[PDB]
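Taking it in order: structure first as structure tokens, then the write-up.
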Amino acid sequence: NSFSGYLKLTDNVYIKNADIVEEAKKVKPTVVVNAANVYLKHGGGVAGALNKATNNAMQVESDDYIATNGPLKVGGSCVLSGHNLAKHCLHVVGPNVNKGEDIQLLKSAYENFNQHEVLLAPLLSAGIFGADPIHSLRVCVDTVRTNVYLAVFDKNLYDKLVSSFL
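Its first residue numbered 18, the sequence shown is counted upward by one per residue in this note's numbering.
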């Protein structure tokens, strides 16, 4: 299909060193995953980058969602518009280890991916959420059964994830 340049890790998990924003703009996937928080406040990390690329439309939509439905749970998700990036955005809340949230909820977070056949996604709970990216990749592989294309921004981290994969 339109996903190009990925390394195959398993039957269903693929990985690339790429900026998820630039990869979404090129591919226009059906589903892009956002690394959200429970308030859908898209300030930094992946969320801030995705929101910026939508010219803040993602944040306006998200504020309406929260006003109607209240916060998400850690491990939970919602499906909103993908704006100019994708058909849909799956906002998924992984645990934030810097807030003391339970790392076991990472598995629950990845289970949300199984409701969608194909996804472009970041590693959940990595980056500013404080979890070990090697662990996040392992949980992903062991949990997700649908086709997931992972975009890893940092080249040094990408190389470490590939070279330590087991």
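Beta carbons: idealized from backbone N, C-alpha and C, even for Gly.
- Message: Within a Cβ cutoff of 6 Å, which residues of the same chain sit near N29, ignoring the five residues on either side of it in sequence?
- Response: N164
- Runs of alpha helix (DSSP H) wholly within the stretch 24-109 (minimum 4 residues, chain order): 37-44, 62-70 and 74-86
- Going by the CB atoms, is the gap between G61 and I145 shorter than 8 Å? yes
- Message: Taking its Cβ as the centre, do 16 or more other Cβ atoms sit within 10 Å of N72, making it buried, or is it exposed?
- Response: exposed
- Using alpha carbons as the reference points, say which of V96, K172 and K25 lies closest to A53. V96
- Which same chain residues, not among the five before or five after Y175, have their C-beta less than 6 Å away from its C-beta? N34 and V169
- Query: residue 185 to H152, Cα distance in whole Å?
  - Reply: As shown, the chain starts at 18 and ends at 183. That puts residue 185 outside it, with no answer to give.
- Query: What number of angstroms, rounded off, separates the C-alpha of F182 from the C-alpha of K172?
  - Reply: 15 Å
- With which residues is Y166 paired in a DSSP beta bridge? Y31 and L137
- Task: Report the residue from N18, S21 and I32 whose alpha carbon sits nearest the alpha carbon of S180.
- Result: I32
- Taking Cβ positions, are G93 and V110 nearer each other than 8 Å? yes
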